[PDB]
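K.L.:
The file below is protein23.pdb, PDB, C-alpha atoms and all ligand atoms:
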```pdb
ATOM      1  CA  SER A  31      14.873 181.065   7.324  1.00  0.00           C
ATOM      2  CA  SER A  32      17.021 184.159   7.816  1.00  0.00           C
ATOM      3  CA  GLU A  33      19.649 181.749   9.156  1.00  0.00           C
ATOM      4  CA  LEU A  34      19.578 179.578   6.023  1.00  0.00           C
ATOM      5  CA  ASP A  35      19.594 182.661   3.785  1.00  0.00           C
ATOM      6  CA  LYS A  36      22.708 183.897   5.604  1.00  0.00           C
ATOM      7  CA  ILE A  37      24.559 180.640   4.921  1.00  0.00           C
ATOM      8  CA  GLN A  38      23.339 180.495   1.323  1.00  0.00           C
ATOM      9  CA  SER A  39      24.395 184.101   0.685  1.00  0.00           C
ATOM     10  CA  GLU A  40      27.842 183.453   2.171  1.00  0.00           C
ATOM     11  CA  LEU A  41      28.264 180.247   0.164  1.00  0.00           C
ATOM     12  CA  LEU A  42      27.270 182.157  -2.969  1.00  0.00           C
ATOM     13  CA  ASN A  43      29.652 185.015  -2.193  1.00  0.00           C
ATOM     14  CA  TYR A  44      32.439 182.460  -1.715  1.00  0.00           C
ATOM     15  CA  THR A  45      31.779 180.354  -4.808  1.00  0.00           C
ATOM     16  CA  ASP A  46      30.572 183.035  -7.243  1.00  0.00           C
ATOM     17  CA  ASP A  47      32.558 186.118  -6.150  1.00  0.00           C
ATOM     18  CA  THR A  48      35.637 185.334  -4.042  1.00  0.00           C
ATOM     19  CA  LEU A  49      36.915 182.145  -5.680  1.00  0.00           C
ATOM     20  CA  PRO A  50      36.471 183.537  -9.231  1.00  0.00           C
ATOM     21  CA  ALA A  51      38.257 186.735  -8.191  1.00  0.00           C
ATOM     22  CA  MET A  52      41.191 184.769  -6.781  1.00  0.00           C
ATOM     23  CA  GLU A  53      41.365 182.422  -9.768  1.00  0.00           C
ATOM     24  CA  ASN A  54      41.279 185.413 -12.124  1.00  0.00           C
ATOM     25  CA  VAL A  55      43.980 187.483 -10.413  1.00  0.00           C
ATOM     26  CA  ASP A  56      46.191 184.399 -10.107  1.00  0.00           C
ATOM     27  CA  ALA A  57      45.843 183.900 -13.863  1.00  0.00           C
ATOM     28  CA  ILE A  58      46.475 187.565 -14.703  1.00  0.00           C
ATOM     29  CA  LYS A  59      49.649 187.534 -12.602  1.00  0.00           C
ATOM     30  CA  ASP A  60      50.928 184.340 -14.237  1.00  0.00           C
ATOM     31  CA  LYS A  61      50.253 185.911 -17.636  1.00  0.00           C
ATOM     32  CA  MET A  62      51.986 189.165 -16.707  1.00  0.00           C
ATOM     33  CA  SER A  63      55.004 187.209 -15.461  1.00  0.00           C
ATOM     34  CA  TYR A  64      55.129 185.200 -18.683  1.00  0.00           C
ATOM     35  CA  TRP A  65      54.720 188.466 -20.606  1.00  0.00           C
ATOM     36  CA  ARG A  66      57.631 190.021 -18.697  1.00  0.00           C
ATOM     37  CA  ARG A  67      59.743 186.945 -19.488  1.00  0.00           C
ATOM     38  CA  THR A  68      58.979 187.362 -23.199  1.00  0.00           C
ATOM     39  CA  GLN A  69      60.352 190.916 -23.101  1.00  0.00           C
ATOM     40  CA  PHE A  70      63.762 189.528 -22.131  1.00  0.00           C
ATOM     41  CA  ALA A  71      63.507 186.596 -24.560  1.00  0.00           C
ATOM     42  CA  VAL A  72      63.298 188.952 -27.565  1.00  0.00           C
ATOM     43  CA  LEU A  73      66.710 190.539 -26.904  1.00  0.00           C
ATOM     44  CA  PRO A  74      68.955 187.591 -27.927  1.00  0.00           C
ATOM     45  CA  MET A  75      66.927 187.320 -31.150  1.00  0.00           C
ATOM     46  CA  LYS A  76      68.781 188.175 -34.355  1.00  0.00           C
ATOM     47  CA  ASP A  77      66.193 188.042 -37.163  1.00  0.00           C
ATOM     48  CA  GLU A  78      64.263 191.299 -37.465  1.00  0.00           C
ATOM     49  CA  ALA A  79      61.077 189.591 -38.662  1.00  0.00           C
ATOM     50  CA  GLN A  80      61.230 187.205 -35.702  1.00  0.00           C
ATOM     51  CA  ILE A  81      61.729 190.219 -33.424  1.00  0.00           C
ATOM     52  CA  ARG A  82      58.726 192.090 -34.824  1.00  0.00           C
ATOM     53  CA  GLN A  83      56.574 188.949 -34.670  1.00  0.00           C
ATOM     54  CA  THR A  84      57.425 188.474 -30.993  1.00  0.00           C
ATOM     55  CA  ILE A  85      56.699 192.125 -30.164  1.00  0.00           C
ATOM     56  CA  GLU A  86      53.332 191.966 -31.927  1.00  0.00           C
ATOM     57  CA  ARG A  87      52.520 188.763 -30.032  1.00  0.00           C
ATOM     58  CA  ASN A  88      53.526 190.327 -26.715  1.00  0.00           C
ATOM     59  CA  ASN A  89      51.447 193.441 -27.394  1.00  0.00           C
ATOM     60  CA  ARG A  90      48.451 191.132 -27.799  1.00  0.00           C
ATOM     61  CA  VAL A  91      49.273 189.577 -24.419  1.00  0.00           C
ATOM     62  CA  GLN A  92      49.636 193.082 -22.982  1.00  0.00           C
ATOM     63  CA  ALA A  93      46.149 193.950 -24.246  1.00  0.00           C
ATOM     64  CA  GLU A  94      44.731 190.797 -22.634  1.00  0.00           C
ATOM     65  CA  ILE A  95      46.276 191.644 -19.258  1.00  0.00           C
ATOM     66  CA  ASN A  96      44.959 195.192 -19.572  1.00  0.00           C
ATOM     67  CA  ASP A  97      41.440 194.108 -20.508  1.00  0.00           C
ATOM     68  CA  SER A  98      41.457 191.606 -17.639  1.00  0.00           C
ATOM     69  CA  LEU A  99      42.579 194.312 -15.210  1.00  0.00           C
ATOM     70  CA  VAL A 100      39.996 196.828 -16.439  1.00  0.00           C
ATOM     71  CA  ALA A 101      37.299 194.168 -16.105  1.00  0.00           C
ATOM     72  CA  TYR A 102      38.480 193.274 -12.602  1.00  0.00           C
ATOM     73  CA  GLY A 103      38.505 196.928 -11.557  1.00  0.00           C
ATOM     74  CA  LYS A 104      34.763 197.190 -12.164  1.00  0.00           C
ATOM     75  CA  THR A 105      34.184 194.591  -9.418  1.00  0.00           C
ATOM     76  CA  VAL A 106      36.504 195.807  -6.650  1.00  0.00           C
ATOM     77  CA  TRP A 107      35.008 196.222  -3.170  1.00  0.00           C
ATOM     78  CA  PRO A 108      35.619 199.467  -1.238  1.00  0.00           C
ATOM     79  CA  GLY A 109      38.541 199.368   1.167  1.00  0.00           C
ATOM     80  CA  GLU A 110      41.829 197.494   0.915  1.00  0.00           C
ATOM     81  CA  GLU A 111      40.931 195.916  -2.436  1.00  0.00           C
ATOM     82  CA  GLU A 112      39.914 199.149  -4.175  1.00  0.00           C
ATOM     83  CA  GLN A 113      42.889 201.119  -2.846  1.00  0.00           C
ATOM     84  CA  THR A 114      45.282 198.278  -3.698  1.00  0.00           C
ATOM     85  CA  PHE A 115      43.873 197.863  -7.206  1.00  0.00           C
ATOM     86  CA  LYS A 116      43.891 201.620  -7.831  1.00  0.00           C
ATOM     87  CA  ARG A 117      47.619 201.548  -7.071  1.00  0.00           C
ATOM     88  CA  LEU A 118      48.201 198.416  -9.155  1.00  0.00           C
ATOM     89  CA  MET A 119      46.608 200.183 -12.116  1.00  0.00           C
ATOM     90  CA  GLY A 120      48.845 203.227 -11.719  1.00  0.00           C
ATOM     91  CA  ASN A 121      51.921 201.002 -11.732  1.00  0.00           C
ATOM     92  CA  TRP A 122      50.490 199.053 -14.670  1.00  0.00           C
ATOM     93  CA  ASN A 123      50.119 202.315 -16.599  1.00  0.00           C
ATOM     94  CA  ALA A 124      53.691 203.170 -15.606  1.00  0.00           C
ATOM     95  CA  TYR A 125      55.161 199.869 -16.782  1.00  0.00           C
ATOM     96  CA  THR A 126      53.232 199.846 -20.065  1.00  0.00           C
ATOM     97  CA  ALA A 127      54.707 203.306 -20.705  1.00  0.00           C
ATOM     98  CA  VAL A 128      58.134 201.757 -20.127  1.00  0.00           C
ATOM     99  CA  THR A 129      57.143 198.820 -22.333  1.00  0.00           C
ATOM    100  CA  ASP A 130      56.080 201.147 -25.146  1.00  0.00           C
ATOM    101  CA  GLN A 131      59.480 202.852 -24.998  1.00  0.00           C
ATOM    102  CA  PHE A 132      61.181 199.444 -24.822  1.00  0.00           C
ATOM    103  CA  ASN A 133      59.352 198.079 -27.873  1.00  0.00           C
ATOM    104  CA  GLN A 134      60.002 201.257 -29.863  1.00  0.00           C
ATOM    105  CA  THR A 135      63.714 201.233 -29.039  1.00  0.00           C
ATOM    106  CA  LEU A 136      64.034 197.490 -29.693  1.00  0.00           C
ATOM    107  CA  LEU A 137      62.520 197.823 -33.170  1.00  0.00           C
ATOM    108  CA  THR A 138      64.350 201.009 -34.220  1.00  0.00           C
ATOM    109  CA  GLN A 139      67.710 200.708 -32.425  1.00  0.00           C
ATOM    110  CA  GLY A 140      68.159 197.079 -31.365  1.00  0.00           C
ATOM    111  CA  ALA A 141      68.389 194.921 -28.269  1.00  0.00           C
ATOM    112  CA  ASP A 142      71.593 196.583 -27.048  1.00  0.00           C
ATOM    113  CA  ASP A 143      69.858 199.954 -26.636  1.00  0.00           C
ATOM    114  CA  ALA A 144      66.561 198.384 -25.512  1.00  0.00           C
ATOM    115  CA  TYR A 145      67.863 196.191 -22.688  1.00  0.00           C
ATOM    116  CA  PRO A 146      68.829 199.169 -20.444  1.00  0.00           C
ATOM    117  CA  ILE A 147      65.183 200.298 -20.435  1.00  0.00           C
ATOM    118  CA  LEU A 148      64.314 197.028 -18.686  1.00  0.00           C
ATOM    119  CA  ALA A 149      67.437 196.892 -16.523  1.00  0.00           C
ATOM    120  CA  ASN A 150      66.993 200.453 -15.234  1.00  0.00           C
ATOM    121  CA  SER A 151      63.193 200.493 -14.675  1.00  0.00           C
ATOM    122  CA  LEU A 152      63.149 197.760 -12.034  1.00  0.00           C
ATOM    123  CA  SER A 153      61.585 200.055  -9.429  1.00  0.00           C
ATOM    124  CA  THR A 154      58.686 200.602 -11.838  1.00  0.00           C
ATOM    125  CA  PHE A 155      58.154 196.904 -12.483  1.00  0.00           C
ATOM    126  CA  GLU A 156      58.662 195.660  -8.921  1.00  0.00           C
ATOM    127  CA  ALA A 157      56.024 198.147  -7.740  1.00  0.00           C
ATOM    128  CA  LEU A 158      53.602 196.477 -10.156  1.00  0.00           C
ATOM    129  CA  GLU A 159      54.690 192.998  -9.048  1.00  0.00           C
ATOM    130  CA  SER A 160      54.280 194.019  -5.410  1.00  0.00           C
ATOM    131  CA  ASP A 161      50.728 195.271  -5.975  1.00  0.00           C
ATOM    132  CA  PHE A 162      49.694 191.983  -7.610  1.00  0.00           C
ATOM    133  CA  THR A 163      51.164 190.140  -4.632  1.00  0.00           C
ATOM    134  CA  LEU A 164      49.265 192.347  -2.181  1.00  0.00           C
ATOM    135  CA  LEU A 165      46.024 191.958  -4.139  1.00  0.00           C
ATOM    136  CA  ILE A 166      46.413 188.166  -4.163  1.00  0.00           C
ATOM    137  CA  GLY A 167      46.956 188.312  -0.407  1.00  0.00           C
ATOM    138  CA  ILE A 168      43.767 190.317   0.084  1.00  0.00           C
ATOM    139  CA  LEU A 169      41.869 187.676  -1.871  1.00  0.00           C
ATOM    140  CA  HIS A 170      43.541 184.837   0.027  1.00  0.00           C
ATOM    141  CA  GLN A 171      42.353 186.573   3.200  1.00  0.00           C
ATOM    142  CA  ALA A 172      38.843 186.983   1.788  1.00  0.00           C
ATOM    143  CA  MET A 173      38.794 183.275   0.909  1.00  0.00           C
ATOM    144  CA  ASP A 174      39.674 182.349   4.487  1.00  0.00           C
ATOM    145  CA  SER A 175      37.261 184.868   6.011  1.00  0.00           C
ATOM    146  CA  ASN A 176      34.492 183.442   3.817  1.00  0.00           C
ATOM    147  CA  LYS A 177      35.253 179.884   4.922  1.00  0.00           C
ATOM    148  CA  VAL A 178      35.392 180.801   8.610  1.00  0.00           C
ATOM    149  CA  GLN A 179      32.014 182.524   8.371  1.00  0.00           C
ATOM    150  CA  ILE A 180      30.421 179.635   6.462  1.00  0.00           C
ATOM    151  CA  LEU A 181      31.677 177.129   9.027  1.00  0.00           C
ATOM    152  CA  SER A 182      30.526 179.352  11.891  1.00  0.00           C
ATOM    153  CA  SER A 183      27.025 179.630  10.428  1.00  0.00           C
ATOM    154  CA  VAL A 184      26.692 175.848  10.064  1.00  0.00           C
ATOM    155  CA  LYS A 185      26.996 175.949  13.857  1.00  0.00           C
ATOM    156  CA  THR A 186      24.149 178.449  14.320  1.00  0.00           C
ATOM    157  CA  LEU A 187      21.745 176.118  12.510  1.00  0.00           C
ATOM    158  CA  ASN A 188      22.567 173.763  15.432  1.00  0.00           C
ATOM    159  CA  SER A 189      23.931 171.278  12.879  1.00  0.00           C
TER     160      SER A 189
HETATM  161  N1  LIG B   1      35.986 192.163  -6.099  1.00  0.00           N
HETATM  162  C1  LIG B   1      36.348 190.801  -5.628  1.00  0.00           C
HETATM  163  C2  LIG B   1      35.918 190.577  -4.185  1.00  0.00           C
HETATM  164  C3  LIG B   1      36.246 189.165  -3.736  1.00  0.00           C
HETATM  165  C4  LIG B   1      36.159 189.017  -2.222  1.00  0.00           C
HETATM  166  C5  LIG B   1      34.773 189.279  -1.632  1.00  0.00           C
HETATM  167  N2  LIG B   1      33.767 188.446  -2.283  1.00  0.00           N
HETATM  168  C6  LIG B   1      34.792 188.995  -0.134  1.00  0.00           C
HETATM  169  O1  LIG B   1      34.020 188.173   0.362  1.00  0.00           O
HETATM  170  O2  LIG B   1      35.583 189.581   0.611  1.00  0.00           O
END
```
Translate this file's structure into C-alpha cells.
P.N.:
Amino acid sequence: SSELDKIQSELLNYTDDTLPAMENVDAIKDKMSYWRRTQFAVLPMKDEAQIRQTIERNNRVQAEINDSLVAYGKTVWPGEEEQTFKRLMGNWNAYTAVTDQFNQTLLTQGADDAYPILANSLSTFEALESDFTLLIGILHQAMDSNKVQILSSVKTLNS
C-alpha cells in the first residue's frame, strides 16, 4: 500500500503541481514577451489618444504579469526554484521601474525621447528574460524528474 501511495503521490505532484507550474510560467513568459513587443509598437504611433490607449492597455498587461508572478512566488519550492524566482522578481521590479520611466517620458515628451530608455536598458531587460528562461528550465527538469520517478515506481510494483 505504501508502494501504491508513493506512485499516486508522484502522479499527483506531476499532474497537479509540476505541469500547472510549467504551463503557467510558459504563459507568463509569452505574455511578458508580447508586452515587451507592445512597448516598441507604441513608438511609431502618431495620435496621442492612440498612444495613451496603448499605454493604459499595456499597464493592464503589466499588472496581470505581476499578479501572476506574485501568485507563483507563493508556491516556489526551496532551492534552485526559490533562489531563481527571487532573482527574477528583483529584475522584474527593475524593469517595471524602467517601464514606468518609459511610459512617463513617452506621454510627456514623445517617442523620440522615450525610445532611448528601452535601447539603453537592455542589460536590465535581458536579466529578466534570462531568469524566466532559467525558471522554465528548472520546471522542464522537474517534469522529467517526475516522469522518471513515476516510471521507476511502476517497476517496483512488479508491473
Ligand atoms: N512551485 C512549483 C514546483 C513545481 C515542481 C515540483 N512539483 C517538483 O516536483 O519538482
K.L.:
Using all atoms listed in the file, find each protein or nucleic acid residue lying at most 9 Å from ligand LIG 1 (chain B); present the set as an MDAnalysis selection string.
P.N.:
chainID A and resid 40 43:52 102:108 111:112 168:173 175:176
K.L.:
Counting only C-alpha atoms, which of A:88, A:63, A:188, A:117 gets nearest to residue 129 (chain A)?
P.N.:
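Looking at the shortest contact to residue 129 (chain A), the residue is A:88.
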K.L.:
What lies within 10 Å of residue 74 (chain A) using only C-alpha atoms, ignoring chain neighbours under 4 positions off, as a list in words?
P.N.:
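Answer for this query is residues 70, 81, 141 and 142 of chain A.
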K.L.:
Calculate how many Å separate CA of residue 114 (chain A) from CA of residue 68 (chain A), rounding to one decimal.
P.N.:
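That distance, rounded to one decimal, is 26.2 Å.
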K.L.:
Could you check how far CA of residue 145 (chain A) sits from CA of residue 93 (chain A), in Å to one decimal?
P.N.:
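Atom-to-atom, CA of residue 145 (chain A) to CA of residue 93 (chain A), that is 21.9 Å.
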K.L.:
Output region 140-167 of chain A from the block with N, CA, C and O atoms, as a PDB file, in the first residue's frame?
P.N.:
```pdb
ATOM      1  N   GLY A 140       7.463  62.283 -25.796  1.00  0.00           N
ATOM      2  CA  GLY A 140       7.309  61.682 -27.105  1.00  0.00           C
ATOM      3  C   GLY A 140       8.216  60.478 -27.302  1.00  0.00           C
ATOM      4  O   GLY A 140       9.127  60.199 -26.518  1.00  0.00           O
ATOM      5  N   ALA A 141       7.944  59.767 -28.403  1.00  0.00           N
ATOM      6  CA  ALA A 141       8.655  58.523 -28.687  1.00  0.00           C
ATOM      7  C   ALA A 141      10.154  58.749 -28.851  1.00  0.00           C
ATOM      8  O   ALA A 141      10.955  57.877 -28.496  1.00  0.00           O
ATOM      9  N   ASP A 142      10.553  59.904 -29.387  1.00  0.00           N
ATOM     10  CA  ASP A 142      11.966  60.133 -29.670  1.00  0.00           C
ATOM     11  C   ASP A 142      12.790  60.163 -28.386  1.00  0.00           C
ATOM     12  O   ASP A 142      13.922  59.668 -28.359  1.00  0.00           O
ATOM     13  N   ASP A 143      12.243  60.738 -27.316  1.00  0.00           N
ATOM     14  CA  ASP A 143      12.918  60.739 -26.026  1.00  0.00           C
ATOM     15  C   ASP A 143      12.656  59.475 -25.216  1.00  0.00           C
ATOM     16  O   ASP A 143      13.411  59.190 -24.280  1.00  0.00           O
ATOM     17  N   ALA A 144      11.610  58.720 -25.549  1.00  0.00           N
ATOM     18  CA  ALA A 144      11.286  57.503 -24.817  1.00  0.00           C
ATOM     19  C   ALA A 144      12.050  56.290 -25.335  1.00  0.00           C
ATOM     20  O   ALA A 144      12.428  55.416 -24.546  1.00  0.00           O
ATOM     21  N   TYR A 145      12.288  56.213 -26.642  1.00  0.00           N
ATOM     22  CA  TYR A 145      12.979  55.047 -27.181  1.00  0.00           C
ATOM     23  C   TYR A 145      14.323  54.795 -26.509  1.00  0.00           C
ATOM     24  O   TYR A 145      14.613  53.626 -26.195  1.00  0.00           O
ATOM     25  N   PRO A 146      15.169  55.801 -26.261  1.00  0.00           N
ATOM     26  CA  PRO A 146      16.469  55.519 -25.622  1.00  0.00           C
ATOM     27  C   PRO A 146      16.358  54.811 -24.280  1.00  0.00           C
ATOM     28  O   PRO A 146      17.281  54.077 -23.900  1.00  0.00           O
ATOM     29  N   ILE A 147      15.268  55.012 -23.537  1.00  0.00           N
ATOM     30  CA  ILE A 147      15.101  54.288 -22.277  1.00  0.00           C
ATOM     31  C   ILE A 147      15.103  52.786 -22.533  1.00  0.00           C
ATOM     32  O   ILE A 147      15.729  52.014 -21.797  1.00  0.00           O
ATOM     33  N   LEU A 148      14.421  52.353 -23.596  1.00  0.00           N
ATOM     34  CA  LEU A 148      14.396  50.940 -23.951  1.00  0.00           C
ATOM     35  C   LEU A 148      15.726  50.502 -24.542  1.00  0.00           C
ATOM     36  O   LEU A 148      16.251  49.435 -24.192  1.00  0.00           O
ATOM     37  N   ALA A 149      16.287  51.313 -25.440  1.00  0.00           N
ATOM     38  CA  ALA A 149      17.510  50.920 -26.129  1.00  0.00           C
ATOM     39  C   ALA A 149      18.687  50.805 -25.177  1.00  0.00           C
ATOM     40  O   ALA A 149      19.598  50.004 -25.418  1.00  0.00           O
ATOM     41  N   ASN A 150      18.694  51.586 -24.093  1.00  0.00           N
ATOM     42  CA  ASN A 150      19.851  51.658 -23.211  1.00  0.00           C
ATOM     43  C   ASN A 150      19.719  50.805 -21.952  1.00  0.00           C
ATOM     44  O   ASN A 150      20.701  50.681 -21.208  1.00  0.00           O
ATOM     45  N   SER A 151      18.542  50.223 -21.697  1.00  0.00           N
ATOM     46  CA  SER A 151      18.295  49.401 -20.520  1.00  0.00           C
ATOM     47  C   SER A 151      18.288  47.915 -20.847  1.00  0.00           C
ATOM     48  O   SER A 151      17.666  47.118 -20.132  1.00  0.00           O
ATOM     49  N   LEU A 152      18.980  47.516 -21.913  1.00  0.00           N
ATOM     50  CA  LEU A 152      18.906  46.123 -22.343  1.00  0.00           C
ATOM     51  C   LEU A 152      19.453  45.183 -21.278  1.00  0.00           C
ATOM     52  O   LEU A 152      18.929  44.082 -21.091  1.00  0.00           O
ATOM     53  N   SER A 153      20.507  45.594 -20.561  1.00  0.00           N
ATOM     54  CA  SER A 153      21.026  44.732 -19.502  1.00  0.00           C
ATOM     55  C   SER A 153      19.938  44.437 -18.469  1.00  0.00           C
ATOM     56  O   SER A 153      19.817  43.308 -17.977  1.00  0.00           O
ATOM     57  N   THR A 154      19.123  45.441 -18.148  1.00  0.00           N
ATOM     58  CA  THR A 154      18.041  45.248 -17.193  1.00  0.00           C
ATOM     59  C   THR A 154      17.019  44.247 -17.717  1.00  0.00           C
ATOM     60  O   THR A 154      16.582  43.347 -16.992  1.00  0.00           O
ATOM     61  N   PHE A 155      16.630  44.381 -18.985  1.00  0.00           N
ATOM     62  CA  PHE A 155      15.592  43.507 -19.506  1.00  0.00           C
ATOM     63  C   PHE A 155      16.114  42.103 -19.779  1.00  0.00           C
ATOM     64  O   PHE A 155      15.426  41.124 -19.479  1.00  0.00           O
ATOM     65  N   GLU A 156      17.322  41.975 -20.339  1.00  0.00           N
ATOM     66  CA  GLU A 156      17.841  40.639 -20.606  1.00  0.00           C
ATOM     67  C   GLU A 156      18.041  39.842 -19.321  1.00  0.00           C
ATOM     68  O   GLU A 156      17.896  38.614 -19.329  1.00  0.00           O
ATOM     69  N   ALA A 157      18.381  40.509 -18.216  1.00  0.00           N
ATOM     70  CA  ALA A 157      18.467  39.802 -16.939  1.00  0.00           C
ATOM     71  C   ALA A 157      17.116  39.192 -16.573  1.00  0.00           C
ATOM     72  O   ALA A 157      17.043  38.050 -16.106  1.00  0.00           O
ATOM     73  N   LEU A 158      16.036  39.937 -16.796  1.00  0.00           N
ATOM     74  CA  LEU A 158      14.699  39.407 -16.554  1.00  0.00           C
ATOM     75  C   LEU A 158      14.385  38.255 -17.503  1.00  0.00           C
ATOM     76  O   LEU A 158      13.915  37.194 -17.075  1.00  0.00           O
ATOM     77  N   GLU A 159      14.621  38.452 -18.801  1.00  0.00           N
ATOM     78  CA  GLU A 159      14.453  37.368 -19.763  1.00  0.00           C
ATOM     79  C   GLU A 159      15.212  36.123 -19.326  1.00  0.00           C
ATOM     80  O   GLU A 159      14.677  35.010 -19.339  1.00  0.00           O
ATOM     81  N   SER A 160      16.480  36.299 -18.957  1.00  0.00           N
ATOM     82  CA  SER A 160      17.326  35.169 -18.597  1.00  0.00           C
ATOM     83  C   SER A 160      16.746  34.400 -17.419  1.00  0.00           C
ATOM     84  O   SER A 160      16.763  33.164 -17.405  1.00  0.00           O
ATOM     85  N   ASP A 161      16.215  35.115 -16.424  1.00  0.00           N
ATOM     86  CA  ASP A 161      15.652  34.447 -15.253  1.00  0.00           C
ATOM     87  C   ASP A 161      14.437  33.604 -15.629  1.00  0.00           C
ATOM     88  O   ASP A 161      14.300  32.463 -15.163  1.00  0.00           O
ATOM     89  N   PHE A 162      13.538  34.148 -16.453  1.00  0.00           N
ATOM     90  CA  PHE A 162      12.420  33.358 -16.962  1.00  0.00           C
ATOM     91  C   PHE A 162      12.923  32.086 -17.630  1.00  0.00           C
ATOM     92  O   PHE A 162      12.387  30.991 -17.412  1.00  0.00           O
ATOM     93  N   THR A 163      13.963  32.216 -18.457  1.00  0.00           N
ATOM     94  CA  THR A 163      14.473  31.062 -19.185  1.00  0.00           C
ATOM     95  C   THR A 163      15.085  30.040 -18.235  1.00  0.00           C
ATOM     96  O   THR A 163      14.965  28.829 -18.459  1.00  0.00           O
ATOM     97  N   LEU A 164      15.740  30.502 -17.168  1.00  0.00           N
ATOM     98  CA  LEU A 164      16.266  29.564 -16.181  1.00  0.00           C
ATOM     99  C   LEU A 164      15.132  28.894 -15.414  1.00  0.00           C
ATOM    100  O   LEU A 164      15.169  27.683 -15.166  1.00  0.00           O
ATOM    101  N   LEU A 165      14.117  29.671 -15.031  1.00  0.00           N
ATOM    102  CA  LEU A 165      12.994  29.111 -14.289  1.00  0.00           C
ATOM    103  C   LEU A 165      12.266  28.059 -15.119  1.00  0.00           C
ATOM    104  O   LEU A 165      11.908  26.993 -14.607  1.00  0.00           O
ATOM    105  N   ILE A 166      12.054  28.335 -16.409  1.00  0.00           N
ATOM    106  CA  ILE A 166      11.427  27.347 -17.283  1.00  0.00           C
ATOM    107  C   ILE A 166      12.281  26.087 -17.359  1.00  0.00           C
ATOM    108  O   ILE A 166      11.758  24.965 -17.394  1.00  0.00           O
ATOM    109  N   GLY A 167      13.604  26.246 -17.379  1.00  0.00           N
ATOM    110  CA  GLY A 167      14.476  25.085 -17.402  1.00  0.00           C
ATOM    111  C   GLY A 167      14.370  24.255 -16.137  1.00  0.00           C
ATOM    112  O   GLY A 167      14.352  23.022 -16.191  1.00  0.00           O
TER     113      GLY A 167
END
```
